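**Student:** Got a structure here, written out as structure tokens. Questions coming.
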Amino acid sequence: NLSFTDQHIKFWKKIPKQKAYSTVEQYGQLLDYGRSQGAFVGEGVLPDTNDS
Amino acid sequence: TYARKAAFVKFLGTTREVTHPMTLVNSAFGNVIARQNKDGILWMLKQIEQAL
């Protein structure tokens, strides 16, 4: 052959492949761990709460 | 007095189709070809009942 081979296609052979089960695929993301606040508390003191 | 009669045979039909990606995705309610065949059979039964 005087043309390209499968070795000349670099992006297709490097990207990982996963199996799909439907025509619409969904995924989730974790954006943040919580708001910025103090983390030092006294002895026997209930710390504050936080959300993601 | 005698007579000789004749009756003519008639034809009924319907067509069902399923696309290729529909056969590959994960589908609830079981197999899709069987479901389409059952729907076609029931529709033909209703049509025959009304044509009678």
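Letters for chains follow the order of the structure tokens (A, B, ...), residue numbers begin at 1 for each chain, and ligand numbers begin at 1 in the order shown.
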Using only C-alpha atoms, determine which residues of chain A fall within 10 Å of chain B; present them as a VMD selection string.
**Tutor:** chain A and resid 20 to 24
**Student:** Would you list, as a ChimeraX atom specification, the residues of chain A that end up in alpha helix (DSSP H) under DSSP run on this structure's backbone?
**Tutor:** /A:10-14
**Student:** Could the residues in this selection be written to a file with N, CA, C and O atoms, as a PDB file, in the first residue's frame?
**Tutor:**
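Contents of the output file selection.pdb:
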```pdb
ATOM      1  N   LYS A  10      -3.568   8.435  15.069  1.00  0.00           N
ATOM      2  CA  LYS A  10      -3.053   8.468  16.433  1.00  0.00           C
ATOM      3  C   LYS A  10      -4.110   8.822  17.469  1.00  0.00           C
ATOM      4  O   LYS A  10      -4.069   8.293  18.587  1.00  0.00           O
ATOM      5  N   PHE A  11      -5.055   9.702  17.134  1.00  0.00           N
ATOM      6  CA  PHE A  11      -6.058  10.113  18.107  1.00  0.00           C
ATOM      7  C   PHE A  11      -7.093   9.021  18.362  1.00  0.00           C
ATOM      8  O   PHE A  11      -7.578   8.886  19.489  1.00  0.00           O
ATOM      9  N   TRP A  12      -7.436   8.238  17.337  1.00  0.00           N
ATOM     10  CA  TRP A  12      -8.433   7.187  17.513  1.00  0.00           C
ATOM     11  C   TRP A  12      -7.910   6.045  18.371  1.00  0.00           C
ATOM     12  O   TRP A  12      -8.676   5.449  19.136  1.00  0.00           O
ATOM     13  N   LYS A  13      -6.622   5.722  18.263  1.00  0.00           N
ATOM     14  CA  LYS A  13      -6.064   4.611  19.021  1.00  0.00           C
ATOM     15  C   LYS A  13      -5.690   4.991  20.448  1.00  0.00           C
ATOM     16  O   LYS A  13      -5.389   4.103  21.252  1.00  0.00           O
ATOM     17  N   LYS A  14      -5.705   6.281  20.781  1.00  0.00           N
ATOM     18  CA  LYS A  14      -5.301   6.727  22.107  1.00  0.00           C
ATOM     19  C   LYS A  14      -6.489   6.996  23.023  1.00  0.00           C
ATOM     20  O   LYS A  14      -6.389   6.777  24.236  1.00  0.00           O
TER      21      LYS A  14
END
```
**Student:** Atom CA of residue B:35 to atom CA of residue B:11: how many Å, to one decimal?
**Tutor:**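 Taking atom CA of residue B:35 and atom CA of residue B:11, their separation equals 23.8 Å.
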**Student:** Between atom CA of residue B:40 and atom CA of residue B:12, what is the distance, to one decimal in Å?
**Tutor:**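 Rounded to one decimal, the two atoms are 12.0 Å apart.
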